[PDB]
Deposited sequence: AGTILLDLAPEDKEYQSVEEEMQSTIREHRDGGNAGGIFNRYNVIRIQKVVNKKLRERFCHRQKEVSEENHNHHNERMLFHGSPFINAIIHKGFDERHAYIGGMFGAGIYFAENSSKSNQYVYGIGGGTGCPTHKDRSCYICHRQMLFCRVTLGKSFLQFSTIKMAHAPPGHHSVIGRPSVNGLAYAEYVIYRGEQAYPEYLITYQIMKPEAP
């Protein structure tokens, strides 16, 4: 469907709120930066608002259904999503049929989503230099509206095909000797809208 990308100005409070969420949710991973690279900050290049009529209709229709089922609590959250398929998502929307557990995954930590931008485990890194820690190539991630409804809380790895009865999402919570970062899972593509398209670089730490 026909998508319009609206550029946000760095002086706008909306652009600043998105950047602040992205910068403040960075964590150090157990990985040592193997999947996403070594950095403590991003360089934000562009923040674009995604406008798609058909995707907004599917999203709003699903949100109303979830709110009705969950005593008027749709429990919407803004969460990050990193993937090599950003172009398909902003035009056709999120699709659970591509998941390959089996649901659509989001993170509350931008650094978690950054590990998936080039593929699982960071794939082979950027197309040009084949570098998972590339400081040059422009990466993209989404900051999405996610309809969570009633969330089912667990510590184990999410090995479910659908949300349990009475629930609309699954949350994998960090625990000592378990997950390092929280994972948010939905099983219907209509329960996420790709609101913001963020273009950025990971920054190389200063030399002592």
Where the deposited sequence has no C-alpha coordinates (positions from 1, in order): 101-105
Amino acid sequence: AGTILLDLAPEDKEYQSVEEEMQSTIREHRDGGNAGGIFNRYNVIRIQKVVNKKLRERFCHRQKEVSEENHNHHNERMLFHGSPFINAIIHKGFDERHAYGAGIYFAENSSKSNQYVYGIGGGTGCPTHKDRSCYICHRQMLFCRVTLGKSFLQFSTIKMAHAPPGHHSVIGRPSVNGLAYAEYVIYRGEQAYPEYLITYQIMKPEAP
From here on, numbers count along this sequence of modelled residues.
Cross-entry absence of residue 142, a third or more of other PDB entries: no
Across other compared entries, residue 45 missing in at least a third: no
Residue range whose averaged C-alpha B-factor is higher in the record, 44-52 or 156-164: 156-164
Stretch exceeding the other in mean C-alpha B-factor - 181-189, 11-19: 11-19
CA B-factor ranking of residue 112, expressed as a third of its chain: lowest
Third of the chain, ranked by Cα B-factor, where residue 142 sits: lowest
Residue 81 - Cα temperature factor, lowest/middle/highest third of chain: lowest
Position of residue 118 among the chain's modelled residues by C-alpha B-factor, lowest, middle or highest third: middle
Where the record places residue 202 (Cα B-factor, split into thirds across the chain): lowest
